[PDB]
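First, one chain by itself in structure tokens, the form deposited in one PDB entry.
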């Protein structure tokens, strides 16, 4: 049992970085526009590309399109990949993320990559990155007693 054990990261490919980028929403959701998300998407694309990822970005997908795309990525072979990254840049509500038109349970999206659904990522890292507010409290500033 080696405490310094690392994931095997010497496959032919790093793997896919999926980025779901949501700037505007269906008018009837009354969700604020996410001005600056374009900068975030481009910044991540550069940084993940530099780490060897195949970055696949999708802007303002509706729920059906987003589910089709992520299901597709979950059912292709990752046998020659080190790992999988999935990024959501959007609004959320509880354990949901917003597509353009509706919210989706985060467990449905992560569930596609679980070992029983995605055999070729078994033993490999699945990394989900979510930029979204998670409630309506502002955290408050504090200073250590020392200073």
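For the two forms, the rigid core is made up of the largest set of C-alpha atoms that agree within 1.5 Å on superposition. Positions refer to the first chain, counted from 1.
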Of 77-85 and 22-30, the stretch whose C-alpha atoms average the higher B-factor in the entry: 22-30
Entry-level comparison of average CA B-factors, 124-132 and 5-13, reporting the higher stretch: 5-13
From 90, 43, 110, 95, residue of greatest CA B-factor: 95
Third of the chain's Cα B-factor distribution that residue 69 belongs to, per the entry: middle
CA B-factor ranking of residue 103, expressed as a third of its chain: middle
Residue 36 CA temperature factor, ranked by third within the chain: highest
Position of residue 62 among the chain's modelled residues by C-alpha B-factor, lowest, middle or highest third: lowest
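The same protein has a further form, the form deposited in another entry, not shown here; the description that follows concerns it.
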Rigid core superposed: residue 82 CA moves 2 Å or more between this form and the one not shown: no
Residue 36 C-alpha shift between this form and the one not shown of 2 Å or more, rigid core reference: no
Core fit, then residue 59 C-alpha moves 2 Å or more between this form and the one not shown: yes
Note on residue 67-residue 87 C-alpha separation in the other entry, which departs from the shown form by 3 angstroms or more: farther
In the other entry, whether the C-alpha atoms of residue 38 and residue 30 sit closer or farther than here (change of 3 Å or more): closer
